[PDB]
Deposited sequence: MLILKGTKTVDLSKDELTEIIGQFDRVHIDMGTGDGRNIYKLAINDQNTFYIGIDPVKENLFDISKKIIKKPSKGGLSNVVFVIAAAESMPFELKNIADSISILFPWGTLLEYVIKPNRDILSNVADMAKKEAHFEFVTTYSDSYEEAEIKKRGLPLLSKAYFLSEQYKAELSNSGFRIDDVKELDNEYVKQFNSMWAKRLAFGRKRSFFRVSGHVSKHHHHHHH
């Protein structure tokens, strides 16, 4: 299931593969939210195909309608929004992504990343190519935990090899365009943590 404007339609594996062809890279943003973050990445890189995934279609209507417009009016040819959850395991997305991100997750998705939930993270890893770079950026309250051997080993069992943990600040988050990220950036001082590496 993908969005075309405000309408949900089906995109097949063959149709997807065809679109991917005009691009050298594929990036997946899981729990993409309002689509503004992915919109900004896409407008800045026309040789990557961006796939934003979120179970809430309603919050994607604005940007989904925007990417459908003609290029002169803000349309884009390198973005698709898939309506699905981290639990969903859509077969079409298996072994497709050069990179995968989970940015500022909340609700169930946050706990899956933080706990972590090994099975769910495995579903996310299954969407990545052998190469695959990953990036999880989290915050809760407003580094030692993510650097721990236990967390490292649990991610490794899910297919994620941590190469770096970095503590980031509000200023860093100000770069993102989602309304959620802006709230996080503009509010109280908060610690943000990026756990990145390869699949």
Walk along the deposited sequence from position 1 and note every stretch that has no C-alpha coordinates.
1, 144-159, 217-225
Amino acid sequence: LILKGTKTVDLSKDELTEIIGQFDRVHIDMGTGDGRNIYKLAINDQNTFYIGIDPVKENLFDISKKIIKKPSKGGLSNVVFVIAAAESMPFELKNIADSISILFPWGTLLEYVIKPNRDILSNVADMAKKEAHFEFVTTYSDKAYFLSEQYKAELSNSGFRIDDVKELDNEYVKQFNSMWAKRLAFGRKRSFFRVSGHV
From here on, numbers count along this sequence of modelled residues.
Between 128-136 and 31-39 (mean CA B-factor, as deposited), the higher:
128-136
Going by the mean C-alpha B-factor recorded in the entry, which is higher: 185-193 or 15-23?
15-23
Report the option among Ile83, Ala97, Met89, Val113 whose CA atom has the maximum B-factor in the deposited record.
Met89
With respect to the C-alpha temperature factors reported in the PDB entry, which of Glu58, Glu171, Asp163, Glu149 ranks highest?
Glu149
Could you tell me which third, lowest, middle or highest, the C-alpha B-factor of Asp142 occupies within its chain?
highest
Third of chain Cα B-factors occupied by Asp54:
lowest
Thinking about Cα B factors across the chain, which third does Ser101 belong to?
lowest
Of the three thirds of its chain by CA temperature factor, lowest, middle or highest, which one includes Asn44?
middle
